[PDB]
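J.: For reference, the file entry-v4.pdb (PDB, C-alpha atoms) is included below:
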```pdb
ATOM      1  CA  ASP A   1     125.461 272.073 127.109
ATOM      2  CA  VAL A   2     126.524 269.344 129.548
ATOM      3  CA  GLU A   3     123.802 267.268 131.207
ATOM      4  CA  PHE A   4     123.819 263.736 132.559
ATOM      5  CA  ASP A   5     122.010 261.159 134.682
ATOM      6  CA  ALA A   6     123.390 259.029 137.472
ATOM      7  CA  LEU A   7     123.039 255.944 139.597
ATOM      8  CA  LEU A   8     124.016 256.901 143.142
ATOM      9  CA  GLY A   9     124.172 253.479 144.723
ATOM     10  CA  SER A  10     122.590 250.040 144.578
ATOM     11  CA  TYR A  11     121.531 248.403 147.836
ATOM     12  CA  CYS A  12     120.756 244.727 148.395
ATOM     13  CA  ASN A  13     119.412 242.352 151.041
ATOM     14  CA  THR A  14     120.967 239.273 152.637
ATOM     15  CA  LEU A  15     118.772 236.390 153.723
ATOM     16  CA  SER A  16     119.200 235.253 157.315
ATOM     17  CA  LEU A  17     120.043 231.545 157.258
ATOM     18  CA  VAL A  18     118.153 230.044 160.196
ATOM     19  CA  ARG A  19     119.058 226.596 161.457
ATOM     20  CA  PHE A  20     116.523 224.870 163.630
ATOM     21  CA  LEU A  21     118.798 223.488 166.343
ATOM     22  CA  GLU A  22     120.217 226.988 166.853
ATOM     23  CA  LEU A  23     116.775 227.987 168.138
ATOM     24  CA  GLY A  24     115.730 227.710 171.752
ATOM     25  CA  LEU A  25     112.658 225.691 170.813
ATOM     26  CA  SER A  26     114.596 222.476 170.028
ATOM     27  CA  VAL A  27     114.241 220.999 173.531
ATOM     28  CA  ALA A  28     110.683 219.889 172.729
ATOM     29  CA  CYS A  29     112.067 217.845 169.823
ATOM     30  CA  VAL A  30     114.080 214.714 169.482
ATOM     31  CA  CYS A  31     115.484 215.493 166.025
ATOM     32  CA  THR A  32     116.365 212.073 164.632
ATOM     33  CA  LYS A  33     116.284 211.319 160.918
ATOM     34  CA  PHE A  34     114.425 208.724 158.923
ATOM     35  CA  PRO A  35     116.573 208.018 155.854
ATOM     36  CA  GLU A  36     113.428 206.265 154.664
ATOM     37  CA  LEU A  37     110.131 207.902 155.512
ATOM     38  CA  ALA A  38     108.421 207.929 152.101
ATOM     39  CA  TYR A  39     108.207 204.131 152.087
ATOM     40  CA  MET A  40     106.157 203.849 155.294
ATOM     41  CA  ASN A  41     102.399 203.504 155.761
ATOM     42  CA  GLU A  42     101.860 202.728 159.448
ATOM     43  CA  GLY A  43     104.446 203.496 162.071
ATOM     44  CA  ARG A  44     104.107 202.691 165.748
ATOM     45  CA  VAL A  45     106.428 203.616 168.594
ATOM     46  CA  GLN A  46     106.625 201.074 171.407
ATOM     47  CA  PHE A  47     108.266 201.602 174.780
ATOM     48  CA  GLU A  48     107.982 200.201 178.290
ATOM     49  CA  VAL A  49     106.093 202.096 180.987
TER      50      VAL A  49
ATOM     51  CA  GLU B   1     125.602 256.463 180.427
ATOM     52  CA  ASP B   2     128.187 258.465 178.530
ATOM     53  CA  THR B   3     129.074 262.093 177.886
ATOM     54  CA  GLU B   4     131.698 262.114 175.124
ATOM     55  CA  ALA B   5     131.319 260.336 171.781
ATOM     56  CA  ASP B   6     133.547 259.449 168.827
ATOM     57  CA  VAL B   7     132.465 261.218 165.628
ATOM     58  CA  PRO B   8     134.114 261.141 162.166
ATOM     59  CA  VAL B   9     135.491 264.278 160.575
ATOM     60  CA  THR B  10     135.624 263.980 156.791
ATOM     61  CA  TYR B  11     132.513 264.146 154.658
ATOM     62  CA  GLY B  12     132.187 261.780 151.745
ATOM     63  CA  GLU B  13     133.892 262.423 148.442
ATOM     64  CA  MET B  14     132.314 261.453 145.121
ATOM     65  CA  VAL B  15     133.936 263.037 142.081
ATOM     66  CA  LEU B  16     133.856 262.047 138.398
ATOM     67  CA  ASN B  17     137.666 261.750 138.301
ATOM     68  CA  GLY B  18     138.871 259.251 135.743
ATOM     69  CA  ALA B  19     136.900 257.139 133.286
ATOM     70  CA  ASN B  20     133.554 258.228 134.729
ATOM     71  CA  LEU B  21     134.088 261.719 133.253
ATOM     72  CA  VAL B  22     134.110 260.203 129.765
ATOM     73  CA  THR B  23     130.725 258.551 130.231
ATOM     74  CA  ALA B  24     129.204 261.735 131.617
ATOM     75  CA  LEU B  25     130.202 263.638 128.473
ATOM     76  CA  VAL B  26     130.064 260.989 125.733
ATOM     77  CA  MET B  27     127.474 258.510 126.962
ATOM     78  CA  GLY B  28     125.648 261.026 129.142
ATOM     79  CA  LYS B  29     125.187 258.714 132.143
ATOM     80  CA  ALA B  30     127.358 258.252 135.230
ATOM     81  CA  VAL B  31     127.344 255.090 137.332
ATOM     82  CA  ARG B  32     128.549 255.805 140.893
ATOM     83  CA  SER B  33     131.929 254.039 140.989
ATOM     84  CA  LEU B  34     132.602 252.631 137.533
ATOM     85  CA  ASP B  35     136.250 252.043 138.482
ATOM     86  CA  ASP B  36     135.026 249.313 140.839
ATOM     87  CA  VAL B  37     131.631 248.166 139.510
ATOM     88  CA  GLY B  38     133.141 247.489 136.104
ATOM     89  CA  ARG B  39     135.978 245.656 137.828
ATOM     90  CA  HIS B  40     133.930 243.308 140.030
ATOM     91  CA  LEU B  41     131.790 242.171 137.079
ATOM     92  CA  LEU B  42     134.851 240.394 135.621
ATOM     93  CA  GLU B  43     135.927 238.123 138.488
ATOM     94  CA  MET B  44     132.308 237.088 138.893
ATOM     95  CA  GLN B  45     132.356 236.288 135.162
ATOM     96  CA  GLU B  46     135.337 233.953 135.220
ATOM     97  CA  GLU B  47     136.277 232.703 138.671
ATOM     98  CA  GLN B  48     133.593 231.749 141.186
ATOM     99  CA  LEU B  49     130.064 232.232 142.526
TER     100      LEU B  49
ATOM    101  CA  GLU C   1     120.184 234.390 184.531
ATOM    102  CA  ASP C   2     122.139 233.321 181.458
ATOM    103  CA  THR C   3     122.726 234.338 177.855
ATOM    104  CA  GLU C   4     124.816 231.620 176.169
ATOM    105  CA  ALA C   5     123.721 227.979 176.182
ATOM    106  CA  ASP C   6     125.251 224.637 175.209
ATOM    107  CA  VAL C   7     123.274 223.052 172.369
ATOM    108  CA  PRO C   8     123.748 219.756 170.475
ATOM    109  CA  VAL C   9     124.274 219.965 166.729
ATOM    110  CA  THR C  10     124.097 216.443 165.308
ATOM    111  CA  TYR C  11     120.819 214.732 164.609
ATOM    112  CA  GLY C  12     120.169 211.251 165.983
ATOM    113  CA  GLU C  13     120.564 208.039 164.031
ATOM    114  CA  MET C  14     119.345 204.484 164.398
ATOM    115  CA  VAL C  15     120.252 200.844 164.748
ATOM    116  CA  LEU C  16     118.528 199.041 161.888
ATOM    117  CA  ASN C  17     117.392 195.472 162.582
ATOM    118  CA  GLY C  18     114.981 195.140 159.721
ATOM    119  CA  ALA C  19     113.154 192.256 158.132
ATOM    120  CA  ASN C  20     115.277 191.511 155.089
ATOM    121  CA  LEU C  21     114.234 190.314 151.645
ATOM    122  CA  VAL C  22     116.232 188.059 149.313
ATOM    123  CA  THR C  23     115.804 187.908 145.534
ATOM    124  CA  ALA C  24     118.604 186.178 143.626
ATOM    125  CA  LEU C  25     118.585 184.343 140.313
ATOM    126  CA  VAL C  26     120.050 180.835 140.332
ATOM    127  CA  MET C  27     121.380 179.162 137.184
ATOM    128  CA  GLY C  28     120.858 175.428 137.612
ATOM    129  CA  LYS C  29     119.364 173.187 140.291
ATOM    130  CA  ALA C  30     122.152 171.846 142.503
ATOM    131  CA  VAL C  31     122.780 171.697 146.232
ATOM    132  CA  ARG C  32     125.599 174.255 146.359
ATOM    133  CA  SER C  33     123.798 176.576 143.944
ATOM    134  CA  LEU C  34     120.626 176.716 146.053
ATOM    135  CA  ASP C  35     122.486 177.293 149.327
ATOM    136  CA  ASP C  36     123.726 180.610 147.928
ATOM    137  CA  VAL C  37     120.280 182.025 148.653
ATOM    138  CA  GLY C  38     120.913 180.968 152.239
ATOM    139  CA  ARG C  39     124.411 182.454 152.241
ATOM    140  CA  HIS C  40     122.896 185.688 150.926
ATOM    141  CA  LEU C  41     120.833 185.979 154.122
ATOM    142  CA  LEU C  42     123.950 185.976 156.289
ATOM    143  CA  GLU C  43     125.823 188.060 153.761
ATOM    144  CA  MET C  44     123.274 190.860 154.059
ATOM    145  CA  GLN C  45     122.565 190.434 157.774
ATOM    146  CA  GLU C  46     126.301 190.886 158.287
ATOM    147  CA  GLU C  47     126.218 194.178 156.376
ATOM    148  CA  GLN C  48     123.605 195.588 158.754
ATOM    149  CA  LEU C  49     126.216 195.227 161.492
TER     150      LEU C  49
ATOM    151  CA  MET D   1     104.866 217.256 128.781
ATOM    152  CA  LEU D   2     102.976 220.324 130.118
ATOM    153  CA  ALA D   3     100.752 220.134 127.082
ATOM    154  CA  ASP D   4     100.643 216.393 126.542
ATOM    155  CA  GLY D   5     100.050 215.239 130.106
ATOM    156  CA  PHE D   6      99.013 216.635 133.443
ATOM    157  CA  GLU D   7      99.547 214.582 136.592
ATOM    158  CA  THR D   8      97.652 215.425 139.770
ATOM    159  CA  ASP D   9      98.574 214.129 143.222
ATOM    160  CA  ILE D  10      95.555 213.154 145.315
ATOM    161  CA  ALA D  11      97.220 212.735 148.692
ATOM    162  CA  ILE D  12      96.462 209.840 151.032
ATOM    163  CA  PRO D  13      96.334 210.673 154.789
ATOM    164  CA  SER D  14      98.331 209.195 157.649
ATOM    165  CA  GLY D  15      95.928 206.925 159.509
ATOM    166  CA  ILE D  16      94.534 204.264 157.163
ATOM    167  CA  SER D  17      93.942 200.635 158.093
ATOM    168  CA  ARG D  18      95.021 197.896 155.721
ATOM    169  CA  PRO D  19      91.427 196.728 155.057
ATOM    170  CA  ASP D  20      91.101 200.288 153.743
ATOM    171  CA  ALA D  21      94.549 200.442 152.113
ATOM    172  CA  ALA D  22      93.961 197.272 150.094
ATOM    173  CA  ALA D  23      90.690 198.592 148.685
ATOM    174  CA  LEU D  24      92.287 201.579 146.939
ATOM    175  CA  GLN D  25      94.688 199.370 144.992
ATOM    176  CA  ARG D  26      91.676 197.696 143.338
ATOM    177  CA  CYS D  27      90.595 201.145 142.085
ATOM    178  CA  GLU D  28      93.187 201.363 139.357
ATOM    179  CA  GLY D  29      91.262 202.437 136.293
ATOM    180  CA  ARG D  30      88.447 204.615 137.581
ATOM    181  CA  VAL D  31      86.924 208.043 136.963
ATOM    182  CA  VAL D  32      87.608 210.756 139.550
ATOM    183  CA  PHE D  33      85.950 214.198 139.654
ATOM    184  CA  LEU D  34      88.380 216.882 140.584
ATOM    185  CA  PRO D  35      86.810 220.284 141.319
ATOM    186  CA  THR D  36      89.901 222.105 140.026
ATOM    187  CA  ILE D  37      93.132 221.425 138.125
ATOM    188  CA  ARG D  38      95.236 221.695 141.249
ATOM    189  CA  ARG D  39      98.274 219.446 141.487
ATOM    190  CA  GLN D  40      97.828 218.611 145.184
ATOM    191  CA  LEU D  41      94.466 217.505 146.565
ATOM    192  CA  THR D  42      93.167 215.246 149.320
ATOM    193  CA  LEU D  43      90.726 212.350 149.521
ATOM    194  CA  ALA D  44      88.234 214.479 151.452
ATOM    195  CA  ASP D  45      87.900 216.564 148.280
ATOM    196  CA  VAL D  46      87.458 213.588 145.941
ATOM    197  CA  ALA D  47      84.952 211.652 148.046
ATOM    198  CA  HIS D  48      81.190 212.062 148.431
ATOM    199  CA  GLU D  49      81.733 214.193 151.578
ATOM    200  CA  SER D  50      82.753 217.138 149.413
ATOM    201  CA  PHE D  51      79.941 216.315 146.985
ATOM    202  CA  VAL D  52      77.116 217.384 149.305
ATOM    203  CA  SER D  53      75.265 220.659 148.750
ATOM    204  CA  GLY D  54      74.176 222.758 151.696
ATOM    205  CA  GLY D  55      73.077 219.900 153.912
ATOM    206  CA  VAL D  56      71.341 217.979 151.106
ATOM    207  CA  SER D  57      72.992 214.920 149.607
ATOM    208  CA  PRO D  58      71.401 214.820 146.145
ATOM    209  CA  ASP D  59      69.953 211.875 144.258
ATOM    210  CA  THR D  60      71.045 210.324 140.949
ATOM    211  CA  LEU D  61      69.684 213.172 138.825
ATOM    212  CA  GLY D  62      71.290 215.976 140.816
ATOM    213  CA  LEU D  63      74.376 213.753 140.762
ATOM    214  CA  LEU D  64      74.546 214.579 137.036
ATOM    215  CA  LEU D  65      74.432 218.349 137.451
ATOM    216  CA  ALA D  66      77.459 218.435 139.756
ATOM    217  CA  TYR D  67      79.458 216.193 137.437
ATOM    218  CA  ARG D  68      79.554 218.670 134.554
ATOM    219  CA  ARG D  69      80.537 221.440 136.960
ATOM    220  CA  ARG D  70      83.667 219.387 137.703
ATOM    221  CA  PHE D  71      86.673 217.838 135.972
ATOM    222  CA  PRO D  72      86.805 214.107 135.149
ATOM    223  CA  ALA D  73      90.151 212.452 135.839
ATOM    224  CA  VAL D  74      91.359 208.866 135.512
ATOM    225  CA  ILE D  75      93.613 207.169 138.059
ATOM    226  CA  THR D  76      96.850 205.928 136.473
ATOM    227  CA  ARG D  77      98.755 204.445 139.442
ATOM    228  CA  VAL D  78      97.910 204.045 143.125
ATOM    229  CA  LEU D  79     100.989 204.670 145.260
ATOM    230  CA  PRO D  80     100.928 204.117 149.065
ATOM    231  CA  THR D  81     101.214 207.824 149.825
ATOM    232  CA  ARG D  82      99.232 209.323 146.944
ATOM    233  CA  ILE D  83      96.934 208.604 144.013
ATOM    234  CA  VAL D  84      98.068 209.897 140.619
ATOM    235  CA  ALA D  85      95.350 210.973 138.194
ATOM    236  CA  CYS D  86      95.095 212.677 134.804
ATOM    237  CA  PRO D  87      92.293 215.163 134.051
ATOM    238  CA  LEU D  88      90.745 214.493 130.669
ATOM    239  CA  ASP D  89      90.110 218.125 129.743
ATOM    240  CA  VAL D  90      93.813 218.995 129.695
ATOM    241  CA  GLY D  91      95.504 216.049 128.032
ATOM    242  CA  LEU D  92      95.906 212.331 128.321
ATOM    243  CA  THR D  93      99.641 211.422 128.609
ATOM    244  CA  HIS D  94     102.719 211.852 126.365
ATOM    245  CA  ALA D  95     101.576 208.748 124.498
ATOM    246  CA  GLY D  96      97.949 209.852 124.746
ATOM    247  CA  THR D  97      96.628 206.517 125.991
ATOM    248  CA  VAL D  98      95.183 205.892 129.456
ATOM    249  CA  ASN D  99      93.622 202.591 130.481
ATOM    250  CA  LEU D 100      90.095 202.706 131.886
ATOM    251  CA  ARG D 101      88.102 199.831 133.388
ATOM    252  CA  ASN D 102      84.581 198.570 132.809
ATOM    253  CA  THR D 103      82.213 198.846 135.709
ATOM    254  CA  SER D 104      79.280 198.313 133.362
ATOM    255  CA  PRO D 105      77.567 194.998 132.724
ATOM    256  CA  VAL D 106      77.956 196.008 129.072
ATOM    257  CA  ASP D 107      80.747 195.209 126.635
ATOM    258  CA  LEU D 108      82.551 197.941 124.709
ATOM    259  CA  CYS D 109      83.567 198.016 121.053
ATOM    260  CA  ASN D 110      86.011 199.970 118.924
ATOM    261  CA  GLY D 111      85.407 203.637 118.264
ATOM    262  CA  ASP D 112      82.433 203.975 120.583
ATOM    263  CA  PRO D 113      82.428 207.362 122.348
ATOM    264  CA  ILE D 114      82.306 206.947 126.127
ATOM    265  CA  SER D 115      80.040 209.077 128.240
ATOM    266  CA  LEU D 116      80.023 208.458 131.970
ATOM    267  CA  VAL D 117      76.828 207.813 133.944
ATOM    268  CA  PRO D 118      76.227 207.597 137.756
ATOM    269  CA  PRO D 119      75.861 204.179 139.442
ATOM    270  CA  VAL D 120      72.243 204.030 138.365
ATOM    271  CA  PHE D 121      71.730 200.293 137.873
ATOM    272  CA  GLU D 122      70.619 197.653 140.351
ATOM    273  CA  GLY D 123      73.362 195.312 141.450
ATOM    274  CA  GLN D 124      75.744 198.131 140.526
ATOM    275  CA  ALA D 125      75.708 200.634 143.439
ATOM    276  CA  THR D 126      79.217 199.712 144.566
ATOM    277  CA  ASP D 127      80.714 202.410 146.782
ATOM    278  CA  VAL D 128      84.226 201.752 148.069
ATOM    279  CA  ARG D 129      83.840 202.829 151.696
ATOM    280  CA  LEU D 130      86.899 203.517 153.845
ATOM    281  CA  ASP D 131      85.955 202.922 157.467
ATOM    282  CA  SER D 132      88.928 204.567 159.181
ATOM    283  CA  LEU D 133      88.365 207.812 157.251
ATOM    284  CA  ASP D 134      84.536 207.725 156.795
ATOM    285  CA  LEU D 135      84.885 208.110 153.033
ATOM    286  CA  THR D 136      82.716 206.719 150.248
ATOM    287  CA  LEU D 137      83.976 206.890 146.651
ATOM    288  CA  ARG D 138      80.991 206.819 144.291
ATOM    289  CA  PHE D 139      82.649 205.767 141.063
ATOM    290  CA  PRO D 140      80.701 206.496 137.859
ATOM    291  CA  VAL D 141      80.062 203.930 135.147
ATOM    292  CA  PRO D 142      81.721 204.246 131.725
ATOM    293  CA  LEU D 143      79.004 203.385 129.222
ATOM    294  CA  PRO D 144      78.835 203.621 125.432
ATOM    295  CA  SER D 145      77.205 206.820 124.221
ATOM    296  CA  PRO D 146      73.983 205.290 122.692
ATOM    297  CA  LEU D 147      73.287 203.884 126.156
ATOM    298  CA  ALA D 148      74.094 207.183 127.882
ATOM    299  CA  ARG D 149      71.508 209.062 125.829
ATOM    300  CA  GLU D 150      68.881 206.484 126.768
ATOM    301  CA  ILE D 151      69.478 206.588 130.529
ATOM    302  CA  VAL D 152      69.506 210.388 130.731
ATOM    303  CA  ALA D 153      66.288 210.308 128.712
ATOM    304  CA  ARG D 154      64.879 207.687 131.089
ATOM    305  CA  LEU D 155      65.738 209.839 134.105
ATOM    306  CA  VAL D 156      64.634 213.234 132.773
ATOM    307  CA  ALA D 157      61.328 211.938 131.412
ATOM    308  CA  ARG D 158      60.615 210.207 134.727
ATOM    309  CA  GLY D 159      60.644 213.477 136.676
TER     310      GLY D 159
ATOM    311  CA  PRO E   1     120.592 208.483 189.085
ATOM    312  CA  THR E   2     122.847 205.425 189.282
ATOM    313  CA  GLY E   3     120.086 202.981 190.204
ATOM    314  CA  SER E   4     117.866 203.908 187.289
ATOM    315  CA  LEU E   5     116.688 201.783 184.394
ATOM    316  CA  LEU E   6     116.799 203.008 180.794
ATOM    317  CA  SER E   7     115.227 201.373 177.713
ATOM    318  CA  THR E   8     115.461 201.644 173.940
ATOM    319  CA  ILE E   9     112.556 203.463 172.321
ATOM    320  CA  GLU E  10     111.496 201.157 169.505
ATOM    321  CA  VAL E  11     110.176 202.235 166.111
ATOM    322  CA  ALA E  12     108.282 199.442 164.364
ATOM    323  CA  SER E  13     107.064 200.251 160.871
ATOM    324  CA  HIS E  14     105.800 198.579 157.718
ATOM    325  CA  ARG E  15     108.012 199.913 154.959
ATOM    326  CA  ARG E  16     106.954 199.165 151.377
ATOM    327  CA  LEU E  17     109.929 199.727 149.108
ATOM    328  CA  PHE E  18     108.569 197.786 146.150
ATOM    329  CA  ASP E  19     105.285 199.569 145.655
ATOM    330  CA  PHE E  20     107.232 202.401 144.022
ATOM    331  CA  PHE E  21     109.181 200.270 141.555
ATOM    332  CA  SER E  22     106.237 198.286 140.181
ATOM    333  CA  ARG E  23     102.581 197.448 140.641
ATOM    334  CA  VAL E  24     101.476 195.436 143.689
ATOM    335  CA  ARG E  25      98.386 193.301 144.247
ATOM    336  CA  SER E  26      98.658 192.264 147.888
ATOM    337  CA  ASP E  27      96.051 190.978 150.313
ATOM    338  CA  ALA E  28      94.279 192.961 153.016
ATOM    339  CA  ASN E  29      96.352 191.376 155.795
ATOM    340  CA  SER E  30      99.907 191.009 154.461
ATOM    341  CA  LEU E  31     102.523 191.924 157.097
ATOM    342  CA  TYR E  32     105.104 191.613 154.392
TER     343      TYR E  32
END
```
What is this file in structure tokens?
T.:
Amino acid sequence: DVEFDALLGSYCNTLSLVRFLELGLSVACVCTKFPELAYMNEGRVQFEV
Amino acid sequence: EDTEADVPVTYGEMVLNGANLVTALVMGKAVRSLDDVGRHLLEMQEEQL
Amino acid sequence: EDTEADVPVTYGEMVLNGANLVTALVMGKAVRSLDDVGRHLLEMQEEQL
Amino acid sequence: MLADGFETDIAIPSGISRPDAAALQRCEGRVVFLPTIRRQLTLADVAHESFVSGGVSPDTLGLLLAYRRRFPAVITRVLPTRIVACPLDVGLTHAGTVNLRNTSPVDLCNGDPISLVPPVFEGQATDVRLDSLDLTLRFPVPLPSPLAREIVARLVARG
Amino acid sequence: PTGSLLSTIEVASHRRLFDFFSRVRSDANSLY
């Protein structure tokens, strides 16, 4: 008697790595970085109109 | 749009030639391509990620 | 009307002109040893440039 | 750590004036009623706004019955962005010692068990109100236990 | 436009670096 079992393939998934500036939405942003943001209580943005 | 396609000819071959035949008779289980799956688990083990 | 766009990649950075704070220990009470707190203002305000 | 201490993070919102921001730093050793043992909560959950029943803000006796349905926690450090507390039912700290603060007009002694009581006394109803957020923080009063069995007896026998 | 007039958008903020290293007892009106 000859009998056996088998694995006939193992299939996986790859996560799509999405960057934000690669999107078409990024016109509504001005993506500038605070190196310090955790240290801030009140922030105001002042500009001349 | 198009009338004539390109179609492959050979079906797929999966035989227990080699070291897989031993595991089907002695162990009783047969991983799909042990001549590669057992190989790739070694360079993952030692080289990189 | 179009498929491939030109998109910026870098984020935006800043010009820091911040209110600076000086804490330095001084051993002794002399004229030249107390002016080093004053030199430390223009040593650190130079580093922001 | 997981067993010895448990730090919660009561988050502070964005828009807070400095007359309101300098009142929270005077609230260092207090008693705070969390409803759960979540690790991230907000001030709208801690305050008396979340304390109300269906429409009815209860008096000092119903204020008892929604204490023991909650979790007492003690503030350990007030950061600008969050308030860090420790719920007493889980565990104190690694060292097992957390500093409280008297709001009572009554001195404490060694080895006295502390039960907490609402702000029941006259000249005592001190609610830290934050005007920019419309938040009152009714802090309870750590009393010695042989006082806390009197006052509950004075309130239950009055009804 | 070559006759236009730009301007720098200014971000003014009250950072507090030293509340995280140690305890603070400041006033209600300290623009420190």
J.: Take atom CA of residue D:5 and atom CA of residue D:43 and report the distance between them in Å, one decimal.
T.: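 Computing it gives 21.7 Å between the two atoms.
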J.: Output, as a short mmCIF file (atom, residue, chain, number, x, y, z; two decimals) with C-alpha atoms, in the coordinates of the input, the coordinates of chain C following least-squares superposition onto chain B across all in-order C-alpha pairs.
T.:
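Saved file superposed-v6.cif follows:
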```cif
data_model
loop_
_atom_site.label_atom_id
_atom_site.label_comp_id
_atom_site.auth_asym_id
_atom_site.auth_seq_id
_atom_site.Cartn_x
_atom_site.Cartn_y
_atom_site.Cartn_z
CA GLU C 1 128.61 263.37 190.26
CA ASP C 2 131.47 262.97 187.80
CA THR C 3 134.37 264.92 186.33
CA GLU C 4 135.95 262.81 183.56
CA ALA C 5 133.88 261.45 180.67
CA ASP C 6 134.41 259.01 177.80
CA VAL C 7 134.08 260.80 174.46
CA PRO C 8 134.40 259.54 170.86
CA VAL C 9 137.05 261.14 168.68
CA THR C 10 136.54 259.94 165.11
CA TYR C 11 133.96 261.48 162.84
CA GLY C 12 131.47 259.25 161.03
CA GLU C 13 131.79 258.11 157.44
CA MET C 14 129.45 256.72 154.82
CA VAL C 15 128.65 253.87 152.49
CA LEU C 16 128.44 255.38 149.01
CA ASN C 17 125.97 253.76 146.61
CA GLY C 18 125.77 256.56 144.12
CA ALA C 19 124.37 256.91 140.64
CA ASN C 20 127.45 256.56 138.47
CA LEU C 21 128.29 258.25 135.18
CA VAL C 22 130.34 256.78 132.32
CA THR C 23 132.19 258.83 129.70
CA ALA C 24 134.76 256.92 127.64
CA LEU C 25 136.06 257.50 124.13
CA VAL C 26 135.90 254.53 121.77
CA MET C 27 138.14 254.23 118.71
CA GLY C 28 136.22 252.24 116.12
CA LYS C 29 132.78 250.65 115.93
CA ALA C 30 133.05 246.96 116.82
CA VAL C 31 131.27 244.64 119.22
CA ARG C 32 134.14 244.17 121.67
CA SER C 33 135.05 247.86 121.55
CA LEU C 34 131.54 249.01 122.49
CA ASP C 35 131.18 246.51 125.34
CA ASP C 36 134.06 248.26 127.11
CA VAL C 37 131.60 250.99 128.07
CA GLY C 38 129.59 248.22 129.70
CA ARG C 39 132.66 246.75 131.39
CA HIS C 40 133.45 250.24 132.70
CA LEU C 41 130.16 250.21 134.64
CA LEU C 42 131.17 247.09 136.55
CA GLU C 43 134.75 248.27 136.78
CA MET C 44 133.68 251.41 138.64
CA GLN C 45 130.83 249.82 140.60
CA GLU C 46 133.42 247.35 141.89
CA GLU C 47 135.62 250.22 143.10
CA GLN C 48 132.80 251.59 145.25
CA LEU C 49 132.98 248.32 147.18
#
```
J.: Convert the output of the PyMOL selection byres ((chain C and resi 37) around 9) on the shown file into explicit residues, formatted as a short mmCIF file (atom, residue, chain, number, x, y, z; two decimals) with C-alpha atoms, keeping the file's coordinate frame.
T.:
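Listing of result_6.cif after writing:
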```cif
data_model
loop_
_atom_site.label_atom_id
_atom_site.label_comp_id
_atom_site.auth_asym_id
_atom_site.auth_seq_id
_atom_site.Cartn_x
_atom_site.Cartn_y
_atom_site.Cartn_z
CA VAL C 22 116.23 188.06 149.31
CA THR C 23 115.80 187.91 145.53
CA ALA C 24 118.60 186.18 143.63
CA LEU C 25 118.58 184.34 140.31
CA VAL C 26 120.05 180.84 140.33
CA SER C 33 123.80 176.58 143.94
CA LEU C 34 120.63 176.72 146.05
CA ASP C 35 122.49 177.29 149.33
CA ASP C 36 123.73 180.61 147.93
CA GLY C 38 120.91 180.97 152.24
CA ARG C 39 124.41 182.45 152.24
CA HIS C 40 122.90 185.69 150.93
CA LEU C 41 120.83 185.98 154.12
#
```
J.: Where's the centre, and what are the edge lengths in Å to one decimal, of a box along x, y and z enclosing all listed atoms of stretch 75-83 of chain D padded 4 Å per side, as AutoDock Vina command-line options?
T.:
```
--center_x 97.4 --center_y 206.7 --center_z 143.1 --size_x 15.6 --size_y 13.3 --size_z 21.4
```
J.: May I have the protein, DNA and RNA residues with an atom at most 10 Å from (94.4, 219.3, 137.8), counting only C-alpha atoms in the file's coordinates, returned as a count of residues only?
T.: 22
J.: Apply the PyMOL selection byres ((chain E and resi 10) around 8) to the file shown and report the selected residues as a count of residues only.
T.: 7
J.: Quick one: pull the distance between atom CA of residue E:18 and atom CA of residue A:34, Å, one decimal.
T.: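 Between atom CA of residue E:18 and atom CA of residue A:34 the gap works out to 17.8 Å.
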